[PDB]
Every structure is written in C-alpha cells, then in structure tokens.
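Have a look below at one chain only, the form deposited in one PDB entry, in structure tokens format.
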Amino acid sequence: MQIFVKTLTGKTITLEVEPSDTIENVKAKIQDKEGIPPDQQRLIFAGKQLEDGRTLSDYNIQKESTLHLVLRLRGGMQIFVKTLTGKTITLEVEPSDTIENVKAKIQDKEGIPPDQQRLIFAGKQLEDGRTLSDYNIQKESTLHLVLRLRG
C-alpha cells in the first residue's frame, strides 16, 4: 500500500508500505525520509493515535489514507554541551547518532561549522565517524565544545 502522511507544516513525498509492515516501520520510513527520529513522530489514524505492538492492519492502513504526524517537543534522549562561552545548551540525540550528526546539531544551535568544532567527552576527543553509543555517552552527559585549531 503506497501511503501518505500530513505534518505540522504538512509534507508529503514518495512512499510505500504493506499491511504487515509494523507501525514502527512506517515511522522508521519517516526517519529515513525526513531526518526526524522515531521518538519525535506522533502518529495518528484519522483522529486516533497509532500505538506500539500492532501492525498497521490493526487499524487499518488502507492504501491512499492520510495518517498524521506532528512533532513531539523533545525526544527520549538529550545531552548537554558546554558552549564556547561556558553556557549549557541541550541537544536531542539518539545513541545511534554519529558525531558528525551531533556537530550538525550544534552548528544548528550556535552557528559554528562542524569543521571548526572539537568535542570532548571525558578527556577524550570525539571523531566524526563514531557514535554517542560507542563512547558510552548516556543521558545528561556533558560534552565540551572547543574550537578545533584550539581557538
């Protein structure tokens, strides 16, 4: 079933899903398509909330039907970063997240390009390949942003 989704601003592009594909599957397609995590996609079936532990048959996802997604104010995970000025900013992340992705989000909040950023968690400098999960970066961990090139 090719199927579509209304958003807070409202957005719709290429799509396909099957009655067997999980309610988590459609939202995962939403993450892969829109860059918006699964714990921030609030999903509705015609004024009813799509839940967990139920195929989209359990509602059910007929082809060419409009489900709805609106953006949760935050996700399940967030970390703090100490800023060039020593202030705290807090970032919505997932253990999946690459350091390249975190530096994008910091570039989002503070406007410094990731190529000029250096991130320090526990004395350790973080490289653009690895993830928050690897480095055992947990909820409420603080990272220190520094200027690569030392400043």
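The first residue of the sequence shown is number 1, and the count goes up from there.
Averaged over their C-alpha atoms, the temperature factors of 108-116 and 49-57 are higher for 49-57. Note on 117-125 vs 34-42: mean CA B-factor is higher in 34-42. In this structure the maximum Cα B-factor among 68, 103, 27, 82 is found at 27. Ranked against the other modelled residues of its chain, the C-alpha B-factor of residue 134 as given in the entry falls in the middle third. For residue 145, the recorded CA temperature factor ranks within the lowest third of the chain's modelled residues. Residue 92: CA B factor lies in the lowest third for its chain, per the PDB record.
From this point on, the text means the form deposited in another entry, which you will not see here.
Both residue 23 and residue 60 fall in a single rigid part of the chain as it moves between this form and the one not shown.
Relative to this form, the distance between the C-alpha atoms of residue 23 and residue 97 is increased by at least 3 angstroms in that other deposited form. Pairwise change in that other deposited form: residue 34 and residue 119 C-alpha atoms lie farther apart than in the shown form, at least 3 Å.
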